[PDB]
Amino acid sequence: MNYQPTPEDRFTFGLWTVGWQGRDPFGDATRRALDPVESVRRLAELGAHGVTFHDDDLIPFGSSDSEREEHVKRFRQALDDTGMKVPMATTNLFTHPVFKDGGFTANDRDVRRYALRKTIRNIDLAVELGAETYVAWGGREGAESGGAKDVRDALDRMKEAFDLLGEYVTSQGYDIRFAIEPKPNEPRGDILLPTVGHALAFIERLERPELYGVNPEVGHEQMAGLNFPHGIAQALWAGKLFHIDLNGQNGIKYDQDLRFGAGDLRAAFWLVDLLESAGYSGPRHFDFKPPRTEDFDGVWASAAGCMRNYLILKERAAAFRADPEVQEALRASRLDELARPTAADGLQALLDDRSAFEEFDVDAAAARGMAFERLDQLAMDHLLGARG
């Protein structure tokens, strides 16, 4: 019947999302700034579970130690009054002109040292607020031209930075983990660790890999034309999906950050299906931008649509899996065999198995249809609620 979200659904929003003033490359802001406290109250009314923030969203850049203290106190009371949580925090290493060539991988060494200190300062605040995950989006790490950045040295600097933060966390005894958010491009011509895969590979080279995971975003992988649910499957397979950014994107172009459900709808369905069947227990975080055509009423409707869409898809995906006709179709397509080991009998046995080569009837096997189209139409019917 209806689709009301409750804090139990674990839906979270960055302050910078509903707070996006509408400034784009070709235009000025179309909305006034939101007081983070108003955003907390409004999201709470909508059924959200918590909020996330960059240091600079909560405490204006260059704020003194006193002003800083007041901003946090104000934010803290709003949280106490609403029951909202703060499961994730991050650093802004992309807005200020000093980070024009990056933070952790800036060619200027002094800039790199500054970026680390700025991050460390915010990690202490994040722990103070109860955040369990600390996200790192290296938006300025990259280049527009080939000779500007030696990638191998840049990767040495990136590893050095992450190892230092890991040494810091472990020395303060914090119970906080890191999640690297990949993005292929924008604002840099090409960004380092462009996809979930590159991020996962890099993590295996850190001194304490256990502390690092990935924070994939729907639109980012889609900006590279990749299959998001497949990338998420691989991150789960590796045990590295620490957090997730949900939104929508219409193909390969600029990062749109539409509300979740918009963009590639079928991909959204397969994503929810995967997260739910895999038992993902982390937050369902929306990193979206309510389009600039909207006024404040439009932003809250956009935020509500994020949660609504997730809930509808969850219903349809659940109905899909529980359908006996679908369970039969899955067996018809041999999904059950895919889950069985190819050779639990071992190498030697396989080599001696004449049924696996010498006596294998390749034409008989080749003639078997996979029945994938029937299966996919069942999935389509379920998504559209068209199952008679």
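Start at 1 with the first residue shown and count on from there.
According to the PDB record, 276-284 carries the higher mean C-alpha B-factor of the two stretches 276-284 and 238-246. The PDB entry reports B-factors from which the mean C-alpha value can be compared for 186-194 and 91-99; the larger average falls on 91-99.
Reading the B-factor column for the CA atoms of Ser171, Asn227, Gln256, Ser145 in the entry, the top value corresponds to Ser171. When the C-alpha B factors of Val326, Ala344, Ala332, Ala339 are read from the deposited coordinates, the top value falls at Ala344. The deposited CA B-factor of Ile123 belongs to the middle third of values across its chain. When the modelled residues of the chain are ordered by C-alpha B-factor, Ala366 sits in the highest third.
Per-chain ranking of the deposited C-alpha B factor places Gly130 in the highest third. For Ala78, the recorded CA B-factor ranks within the highest third of the chain. Only modelled residues enter the ranking. Ranked against the other modelled residues of its chain, the C-alpha B-factor of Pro25 as given in the entry falls in the highest third.
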